[PDB]
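Read the single chain below, which is given as C-alpha cells and is the form deposited in one PDB entry.
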C-alpha cells in the first residue's frame, strides 16, 4: 500500500526536518531552503504496512508558482506552522488553507505545530516577550484546526523526536480513508 503525503507551511517552520527525521531517522544539520524534494518512508501502523511518498514543498512565497506541481493525487496534507512563530499560525487560514482547499478539495489536512521543543525554552520565551509575543498555545492550534476543518491536530519536535512518529501514524490513517 502506497500513499502520497504533501507537506506545506511557512518558510523555516520545520517541514523538511520533520520529513527527514521520520524518513531517515536523522535530523538534517544544514538548513537548505526547499524548492521541491521527495523522500520515501516506511511505516507500520495498526498491523498495516504502508509506503509513504513524502512530497516536500517551498515555504517561501518566491516559489508559489511551482508549488501546485506537488498537489496532484495527494492522499493526505500535513499543514505546518512553527510553535515559536505566532505569524506562521496566522498564515494558516490566510495563505495555506485557501491554497490547499483550492488544489486539494476533500484531501484530509493534519494541522501540525512544529518545534514543540521551543515552547518551554526560556531563551525563546524571552526573545518573543520583547516583541509582545509568546509561543503558540496548544489551544490556539486546536481552535485553528477546528476553524479550517482539519482531520486532526498534532504537535511535534523534529529536533527531540517528540510526537514525530505520531504525526505520520495519523497521516497514514487519514491516507487510508480514500
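C-alpha atoms forming the largest set that superposes within 1.5 Å between two forms make up the rigid core. Residue numbers count along the first chain shown, from 1.
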| query | finding |
| --- | --- |
| Per the entry, higher mean C-alpha B factor between 63 to 71 and 29 to 37 | 63 to 71 |
| Between the two ranges 7 to 15 and 163 to 171, the one averaging a larger CA B factor in the entry | 163 to 171 |
| Residue with maximal Cα B-factor (values as given in the PDB entry) among 117, 51, 140, 56 | 51 |
| Member of 131, 112, 136, 145 with the greatest C-alpha B factor (per the PDB record) | 131 |
| Where the record places residue 104 (Cα B-factor, split into thirds across the chain) | highest |
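A second form of this protein, the form deposited in another entry, is not displayed here; the remarks below concern that form.
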| property | result |
| --- | --- |
| Yes/no, residue 37 Cα shift of 2 Å or more between this form and the one not shown with rigid core fixed | yes |
| Pairwise C-alpha change, residue 36 versus residue 17, in the other entry against this form - closer or farther, 3 angstroms or more | closer |
| Outcome for the Cα pair residue 159, residue 35 in the other entry, compared with this form (closer or farther; change of 3 Å or more) | closer |
